[PDB]
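First the proteins, then the strands, lettered A, B, ... as listed; each starts at 1. Both counts, for ligands and for their atoms, begin at 1 and track the order of listing.
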Amino acid sequence: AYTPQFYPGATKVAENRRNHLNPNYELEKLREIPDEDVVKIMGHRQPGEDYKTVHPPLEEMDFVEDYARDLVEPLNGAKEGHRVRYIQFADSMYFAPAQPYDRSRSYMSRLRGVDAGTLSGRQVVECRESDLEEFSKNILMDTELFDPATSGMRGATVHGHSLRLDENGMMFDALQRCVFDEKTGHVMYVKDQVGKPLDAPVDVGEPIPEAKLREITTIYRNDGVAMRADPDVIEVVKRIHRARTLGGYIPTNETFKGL
Amino acid sequence: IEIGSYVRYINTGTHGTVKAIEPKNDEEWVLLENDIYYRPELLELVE
Amino acid sequence: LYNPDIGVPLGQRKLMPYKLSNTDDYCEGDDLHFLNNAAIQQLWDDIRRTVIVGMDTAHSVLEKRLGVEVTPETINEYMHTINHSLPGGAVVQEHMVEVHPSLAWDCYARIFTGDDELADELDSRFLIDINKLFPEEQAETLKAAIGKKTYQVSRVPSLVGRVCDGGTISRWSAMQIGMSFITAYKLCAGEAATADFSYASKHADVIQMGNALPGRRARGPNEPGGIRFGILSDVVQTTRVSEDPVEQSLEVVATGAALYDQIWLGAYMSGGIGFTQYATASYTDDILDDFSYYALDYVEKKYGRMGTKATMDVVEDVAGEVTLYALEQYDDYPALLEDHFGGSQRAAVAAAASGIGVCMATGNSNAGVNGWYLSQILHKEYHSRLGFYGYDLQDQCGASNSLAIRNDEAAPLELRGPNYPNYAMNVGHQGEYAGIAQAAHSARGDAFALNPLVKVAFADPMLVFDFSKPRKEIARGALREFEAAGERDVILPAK
Amino acid sequence: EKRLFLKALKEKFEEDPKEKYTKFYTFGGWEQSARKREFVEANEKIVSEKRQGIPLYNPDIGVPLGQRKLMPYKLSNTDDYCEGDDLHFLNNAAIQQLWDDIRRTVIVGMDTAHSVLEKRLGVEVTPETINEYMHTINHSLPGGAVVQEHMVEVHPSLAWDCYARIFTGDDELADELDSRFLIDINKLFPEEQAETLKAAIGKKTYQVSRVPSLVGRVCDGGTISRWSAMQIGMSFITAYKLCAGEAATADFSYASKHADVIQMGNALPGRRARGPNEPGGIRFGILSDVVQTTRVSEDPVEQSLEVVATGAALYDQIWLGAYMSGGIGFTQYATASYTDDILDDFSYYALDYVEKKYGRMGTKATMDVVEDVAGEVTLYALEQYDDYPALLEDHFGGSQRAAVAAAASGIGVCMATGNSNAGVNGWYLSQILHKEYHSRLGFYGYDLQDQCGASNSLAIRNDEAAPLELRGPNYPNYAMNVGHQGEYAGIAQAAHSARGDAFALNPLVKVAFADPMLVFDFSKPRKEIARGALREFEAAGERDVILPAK
Amino acid sequence: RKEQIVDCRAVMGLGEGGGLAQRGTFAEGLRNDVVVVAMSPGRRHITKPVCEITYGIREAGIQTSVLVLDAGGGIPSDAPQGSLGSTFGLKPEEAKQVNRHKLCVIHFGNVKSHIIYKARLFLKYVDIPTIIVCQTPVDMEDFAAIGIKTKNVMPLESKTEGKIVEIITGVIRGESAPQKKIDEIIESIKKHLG
Ligand code: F43
Ligand code: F43
Ligand SMILES: C[C@@H](OP(=O)(O)O)[C@H](NC(=O)/C=C/CCCCSSCCS(=O)(=O)O)C(=O)O
Ligand SMILES: O=S(=O)(O)CCS
């Protein structure tokens with residue numbers, strides 16, 4: 001077969017990107033947020049009540065015979081007809097453990113039937129609600145992909161991915177969904193991901209220490225790990241650029257001899 | 001002006017029925033169906 | 001202790017004034033909006049209302065068909081006539097009405113020629129003197145390109161382009177040119193030779209700032225979507241007043257941002273708030289200036305201003321070095337990062353610096369855009385983010401399309417424009433593309449980029465907008481001290 | 001004999017209107033006109049100050065103007081006179097605002113958006129929420145940015161003419177909505193007209209967006225639709241807070257600003273390359289619906305003549321004399337159709353003849369009635385020109401005469417039959433009869449469409465057939481020449497004024513332009529043009545607050 | 001005619017060519033009569049509509065303090081479905097600095113639904129009569145609809161301890177206020193102060 005690498009490079013940032021892309025790499029978990037608490041922060045449904053549907057179950061509806069379409073096993077949320085919802089994250093440029101394009105690539109490499117979208121200060125994945133909650137709790141929130149200080153589950157107003165951190169090392173928030181409890185040293189979500197207040201704040205653990213952030217971040221920085229210190233990634237990027245240029249000029253084996 | 005009448009606020013035209021008159025601070029006040037006090041001088045009777 | 005009614009202070013940086021690159025003026029961000037800045041509006045008005053007509057075929061018709069002799073005295077009389085007729089004065093057809101001269105004080109008909117003997121005995125009132133406005137070498141280059149030909153520049157009033165659209169300008173100029181021709185040489189008011197004049201001035205010898213966009217785009221000529229990058233490079237006149245190639249490229253970048261990204265994209269093809277902070281990112285603080293000067297220093301240290309021929313290796317080297325430097329600067333100085341908070345701003349600035357550096361190394365504009373696209377896809381891997389989603393459409397197909405030869409994808413960057421299929425939608429690319437096209441020629445010390453006639457026409461000192469220093473004029477407009485034309489206060493009641 | 005144009009001729013001409021002789025070359029040239037002297041003084045001051053000695057206005061070159069008496073111009077049904085220079089579209093702010101108000105109008109239906117919000121997005125829609133959305137869009141349409149101080153916004157005083165209005169054929173929803181930003185059909189139209197318009201519209205809700213004039217001044221007409229759509233989308237996602245995904249937001253965006261959009265004009269192809277909302281894309285029925293005289297007048301002739309005046313001022317002056325030609329312009333031709341009561345007198349005679357012979361709408365459209373009505377009206381108009389030498393001096397160009405007589409004939413035929421194509425056929429018959437009568441017509445290429453017209457009036461071929469309501473400046477025969485299109489719009493209106501119709505082509509356009517918030521009041525276009533010619537019209541789009549005082 | 005001394009703020013302005021005031025700062029006018037509250041130090045609020053009111057009051061002979069709110073932009077978190085874009089708030093020190101004045105003058109914007117809830121949150125902690133200077137025509141009853149004490153239209157269940165004593169409409173942000181508006185504000189202050 002083909003044993004996949006996942007990313008070029010020898011620095012710690014390249015290794016962390018490879019770890020995020022690797023589906024067989026078990027992400028280290030750093031907190032325990034109950035499923036109901038994740039559902040509460042997500043803010044789409046009330047925990048304990050059944051999922052709303054968009055269409056009848058796939059067994060009830062009638063579809064034409066399609067051999068190729070029936071080769072793919074559907075998600076359970078698809079089978080039950082659950083509606084498609086989203087979860088959104090904002091990542092700080094100051095050593096957040098996961099970054100937008102890294103998040104999107106890892107999502108499309110690790111999860112089934114997901115819709116990932118990448119912006120400079122935003123990253124959203126959409127899926128059927130039940131499976132979305134399952135992998136939001138298991139992978140997105142409990143593991144090292146999430147730091148309650150430098151990253152934040154937030155829709156609506158996202159801003160602060162490029163601003164400096166505040167006095168507690170937390171990313172700037174214009175709505176203040178999460179606040180720092182100095183008495184216990186934990187970050188508490190006082191609002192859900194869109195901004196409506198929660199009846200009971202939910203404890204999402206304590207901010208990751210800065211040394212661990214340096215060790216697990218996926219961003220290149222002059223102060224932590226410079227791209228100049230990783231010439232292998234630059235070489236691969238330049239190779240991709242040259243291959244694109246040569247293919248767009250004249251796509252033959254002769255013009256690709258100058259690769 | 002009395003309970004059960006029909007009045008409208010001159011400034012906006014909100015229509016409602018007078019619920020009660022609750023004088024306070026030696027000053028008359030008129031309560032409408034929207035549970036909002038008003039002033040008699042800023043209200044007038046309609047039919 | 002958690003009080004939910006404290007609130008969150010926001011937008012501290014946006015409260016501070018925006019400096020303007022290469023100037024010493026500080027202005028608010030609200031004053032750089034194209035609707036709030038009369039200088040940007042006058043920039044677009046001056047570009048829109050300019051039409052260059054070659055008055056050589058008309059002279060040949062007058063000489064060989066009508067048997068009329070054309071001499072410099074007759075040309076002086078014709079210029080006197082057209083300067084009265086073009087704003088809307090009457091020359092024939094008794095009993096006409098006329099437009100108020102107060103509304104057309106910005107209307108000029110100017111003449112320039114590459115023939116020095118003819119330019120000698122011409123009324124200096126109506127003459128755009130190439131010798132006086134350009135240095136000796138640049139004047140010689142422009143005259144050699146233009147040749148022994150005579151051209152007329154018509155600047156119809158700004159009020160005309162404000163009431164109507166940009167397709168009005170060529171027709172206005174053509175009608176007034178025909179009228180002035182038939183009344184200055186005492187011809188019949190309407191014959192076959194009149195049709196010859198009309199056809200010449202309508203399409204044969206006319207130069208439009210922007211081509212029409214029929215079909216899906218649905219726009220007339222002389223609209224900002226039809227102005228190619230080389231044409232806008234030739235509009236900016238910093239090349240004849242300064243010898244700093246980076247300064248010339250950056251003035252072209254500022255003009256291109258203010259025209260394309262602000263006016264064309266945030267108003268013609270969008271609305272409301274528009275894209276002001278996307279465009280001002282390229283000409284407010286010296287960030288782009290510092291990056292471009294670093295690129296020039298690096299190129300001159302290892303290659304020279306034209307020391308190398310455009311190859312892939314030099315493109316990779318220069319673009320990668322400049323992109324790494326720019327992103328390192330963003331990392332090192334939080335002030336720079338909080339100034340360019342959006343990823344698109346940062347991506348555009350770094351890629352513009354990289355493309356300008358490649359152009360200064362090789363002197364080729366397509367190599368410049370190739371460097372720009374390499375910078376974009378390297379920025380993406382450096383920071384794991386590029387911009388708003390929908391930003392990197394052209395940046396993904398760019399590398400393939402930069403040196404392409406296929407019909408829909410090939411064009412020299414001077415011949416490209418906002419109607420290029422990849423560039424037709426997204427903000428944060430076009431002004432920097434125009435700057436890269438200009439930098440391709442600032443490296444060689446060229447007098448012009450695409451059209452010598454446009455350069456000479458916009459060297460005119462009587463233009464309302466000063467194109468030698470676009471950023472200074474933008475700053476003046478932001479400070480409410482720029483006088484703009486097109487206002488109609490003599491025909492309006494007192495308020 | 002009593003004629004409606006007699007009083008104006010008495011005021012304009014010192015001699016008797018029937019007197020055949022006068023004297024010339026004794027008026028001092030251009031000095032006889034106050035407008036020309038004001039222009040000369042201005043030109044001197046501007047040249048010296050701003051132009052640094054470059055000459056601008058030289059009356060001493062070209063034709064010696066004023067060899068004859070430069071006549072003043074009345075305005076039909078208005079008792080105020082003005083010089084011909086005040087009626088130039090560049091010197092008249094009223095005409096400029098007339099075009100501005102039409103250019104900056106887009107009508108968007110909001111029923112698909114409400115249905116998508118209710119069902120797909122799971123958001124309740126109530127009159128309170130509609131009022132909230134109207135508040136949001138009214139703040140955001142001119143230049144606003146909702147709850148974002150860090151965003152650049154347009155100066156509020158720069159867009160004082162920008163409004164967002166709502167109207168609906170649903171009575172209960174209409175009275176549940178805020179009257180601050182509602183166009184009330186019931187109180188703006190008479191009872192029968194309001195009922196007809198509500199039946200035509202249905203139980204649907206529409207919003208009218210008036211983009212600020214400055215936006216159309218700086219940009220072109222195709223900017224208006226994009227500006228409206230962007231602001232509508234922002235206001236919709238700001239007013240209603242929604243927790244659905246981004247794809248559902250794309251479906252909602254299509255439903256809200258790409259589904260039931262009504263534009264004033266279409267884009268033009270070929271050498272007329274232009275975007276939408278340009279005067280060359282406005283159909284004649286649309287312009288008839290823009291003018292609101294059916295609301296305030298029961299006279300069919302007046303209703304047709306207001307549309308004639310508006311169509312002249314738009315098509316002949318702005319569209320043709322600037323957008324398509326430029327220069328001094330074609331003001332002459334357009335003023336001939338609305339300055340003196342010449343066309344009013346001719347049209348009143350045509351209506352009287354039709355009423356006496358065929359009845360108000362008493363005949364089906366046949367060839368014989370077209371021929372006899374058009375011939376009678378044309379003969380009357382031409383003999384009126386013959387026996388009043390001052391009238392012939394007033395309409396000195398052949399085109400201005402031909403257009404007026406043919407417009408009278410077409411309006412008469414449309415009165416008789418109620419069919420617009422029959423009216424245009426009568427127009428063409430009038431034109432050729434005029435040519436045979438006076439051995440004259442308009443300029444060199446005035447009758448391209450008048451020789452091609454008779455065959456194209458009732459044609460059924462692809463590029464020749466269209467109802468006159470669906471025709472416009474892009475109709476191939478009407479593309480180039482002056483002196484027709486405004487009269488065509490008037491004839492299209494007269495086809496429906498005979499039937500007492502509440503609208504001609506689009507009820508939504510009629511209701512939208514019934515809005516009291518417009519700067520130019522389309523109920524009386526002639527009065528507003530008269531006001532503009534007197535420098536008493538308050539136009540929008542002026543950048544006074546962003547310019548130095550010195 | 002008496003000497004008027006102002007305690008200038010202790011911090012500088014917004015850069016070189018920017019504004020002279022700073023967010024979240026207070027400038028006591030010694031004798032505390034009127035405090036003018038500006039939502040931000042930006043051009044939309046400072047020196048165009050606010051310092052004009054300040055010099056109008058100081059010309060009328062009434063000492064004035066100017067307080068620039070730390071977070072004056074946006075809508076309060078208690079607004080329906082929360083806030084959007086930004087969160088409005090008042091600090092306890094800001095409230096104490098306001099509450100030592102006889103009267104307050106506060107400048108608001110265009111949207112009615114924003115102004116009503118901002119005024120409610122402001123008067124939840126301010127106990128002196130205030131004057132609302134806004135652009136839009138807002139009626140002196142929509143504040144009572146959400147619970148605000150109001151001189152003419154009282155609410156049944158008051159949620160604020162401050163009284164909206166006057167509403168003045170027609171003052172645009174970032175534009176010079178005409179002398180007529182200043183005269184109206186001065187007359188209202190004089191008749192509602194002493
Ligand atoms: C507030 C919104 C809502 C939306 O639909 N678009 C917004 C707002 C919209 C409105 C702002 C006016 C208003 O009333 O909303 C407009 C003007 C849309 C337009 N017509 O171009 C705009 N953005 Ni946006 N927008 C901008 C920017 C940005 C940056 C901000 C980065 C940050 O983390 O702070 C990001 C895009 C990205 O993530 O890469 C961004 C996002 C967003 N932008 C998201 C974010 C929240 C959302 O999830 O709903 N803007 C900028 O990067 C600067 C240029 C700026 C544009 C206006 C200007 O050029 O002056 C403006 C451009
Ligand atoms: C030079 C032309 C050729 C042409 O393309 N246009 C001309 C001139 C042009 C110029 C006038 C320039 C100036 O003021 O000196 C403009 C304004 C077009 C423009 N945008 O430049 C114009 N005519 Ni013409 N033109 C007009 C007219 C006319 C009528 C004049 C009737 C007559 O007394 O003989 C005749 C047509 C005819 O053959 O009958 C006419 C001809 C002509 N017209 C003949 C010859 C004129 C001549 O006297 O030597 N105009 C009129 O009939 C009135 C409206 C008038 C238009 C301006 C306005 O509306 O005020 C003007 C419209
Ligand atoms: C005319 C329109 O074409 P299209 O929408 O049909 O592609 C085209 N507009 C676009 O392509 C897209 C418009 C969005 C504006 C740019 C976004 S800047 S701020 C939004 C950030 S994001 O959250 O949307 O990613 C244009 O030319 O303006
Ligand atoms: O007389 S022409 O037909 O040339 C044009 C009339 S303005």
Subject >> Nearest neighbour of atom 61 (C) of ligand 1 from the list C/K14, A/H161, C/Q277, D/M151, on a heavy-atom basis >> reply: D/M151
Original post:
Which of the atoms of ligand 1 are close to A/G121, meaning less than 4.0 Å from one of its heavy atoms?
Top reply: 38 (O)
Subject >> Atoms in ligand 2 flagged as close to C/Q176, the criterion being non-hydrogen separation under 4.0 Å >> reply: 21 (O)
Original post:
Which bit of D/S140 is near ligand 1, meaning a heavy atom under 4.0 Å away: side chain, backbone, both or neither?
Top reply: neither
Subject >> D/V146 to ligand 1, any heavy atom closer than 4.0 Å >> reply: yes
Subject >> Ligand-residue contact atoms, ligand 2 with D/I328, heavy atoms, under 4.0 Å >> reply: 14 (O), 17 (C), 20 (N)
Original post:
Does C/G387 come within less than 4.0 angstrom of ligand 1, counting non-hydrogen atoms of the residue?
Top reply: yes
Original post:
Can you tell me if C/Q93 has an N, O or S atom under 2.8 Å away from atom 24 (Ni) of ligand 2?
Top reply: yes
Subject >> Polar contact flag for A/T157 and ligand 1 (N/O pairs, less than 3.5 Å) >> reply: no
Original post:
Could you go step by step and tell me if D/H434 and D/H438 meet the ring-ring contact (aromatic ring centres under 6.0 Å, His included) rule?
Top reply: CA-CA 6 Å; D/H434 185 311; D/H438 269 162; 5.6 Å; yes
**OP:** Check each of A/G160, C/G342, C/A279 against atom 52 (O) of ligand 1 and report the one with the nearest heavy atom.
**Re:** C/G342
Original post:
Hey, are D/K36 and C/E98 close enough for a salt bridge, meaning a charged N less than 4.0 Å from a carboxylate O?
Top reply: yes
Original post:
If you count the atoms of ligand 1 from 1 in the order shown, which ones are under 4.0 Å from a heavy atom of A/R122?
Top reply: 45 (C), 47 (C), 48 (O)
**OP:** Kindly state each residue pair satisfying salt bridge (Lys or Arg N to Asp or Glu O under 4.0 Å) with at least one member in residues 151-163 of chain A, sequence neighbours excluded.
**Re:** A/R154-A/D173
Original post:
Would you say the side-chain atoms of C/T81 and C/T183 include a donor-acceptor pair closer than 3.5 Å?
Top reply: no
Subject >> Of the listed options C/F388, A/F172, C/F275, C/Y278, closest to atom 56 (C) of ligand 1 (non-hydrogen atoms) >> reply: C/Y278
Original post:
Is the shortest N/O to N/O distance between C/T276 and ligand 1 below 3.5 Å?
Top reply: yes
Subject >> Side chain, backbone, both or neither: the part of D/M230 lying under 4.0 Å from ligand 1 by heavy atom >> reply: side chain
Original post:
Please walk me through it: do A/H159 and C/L10 pass side chain to side chain contact (heavy atoms under 4.5 Å, CB included)?
Top reply: CA-CA 10 Å; A/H159 177 59; C/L10 171 65; 3.8 Å; yes
Original post:
Measuring from the heavy atoms of C/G274, does anything fall under 4.0 Å of ligand 1?
Top reply: yes
Subject >> D/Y444 N/O to ligand 2 N/O under 3.5 Å >> reply: no
**OP:** Find out whether the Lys NZ or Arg CZ of C/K380 is both under 6.0 angstrom from the six-membered ring centre of A/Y101 and within 45° of the ring's axis.
**Re:** yes
Original post:
What are the atoms of ligand 2, with element, lying closer than 4.0 Å to any heavy atom of C/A189?
Top reply: 1 (C), 45 (C), 49 (O)
Subject >> Parallel, tilted or perpendicular, as decided by the 30° and 60° cut-offs, for the rings of D/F39 and D/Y57 >> reply: perpendicular
Original post:
Can you name the closest pair of heavy atoms from C/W172 and D/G326 and give their distance?
Top reply: CE3-CA, 3.5 Å
Original post:
Among C/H80, C/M175, C/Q176, which residue meets the side-chain contact (heavy atoms from CB on, under 4.5 Å) test with C/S85?
Top reply: C/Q176
Original post:
Which class fits the ring pair D/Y333 and D/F443: parallel under 30°, tilted 30 to 60°, perpendicular over 60°?
Top reply: tilted
Original post:
Should one rank A/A156, A/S120, A/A174 by closest heavy-atom distance to atom 49 (O) of ligand 1, which comes out on top?
Top reply: A/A156
Subject >> ligand 2 to C/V92 polar contact by distance, N or O atoms, under 3.5 Å >> reply: yes
Subject >> Option set D/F330, D/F443, D/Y333, criterion heavy-atom distance to atom 5 (C) of ligand 4, minimum >> reply: D/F443
Original post:
What is the distance from atom CD1 of C/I263 to atom CZ of C/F34, rounded to the nearest 0.5 Å?
Top reply: 6.5 Å
Original post:
Is the NZ or CZ atom of D/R226 both under 6.0 Å from the centre of the six-membered ring of C/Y268 and within 45° of that ring's axis?
Top reply: no
Original post:
Among pairs that include at least one residue of residues 188-201 of chain C, which meet salt bridge (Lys or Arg N to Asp or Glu O under 4.0 Å), considering only residues two or more places apart or in two chains?
Top reply: C/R65-C/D196
Original post:
Which of the atoms in ligand 2, numbered in the order shown and given with their element, are less than 4.0 Å from a heavy-atom of D/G326?
Top reply: 19 (C), 20 (N)
Subject >> Sub-4.0 Å heavy-atom approach of A/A90 to ligand 1 >> reply: no
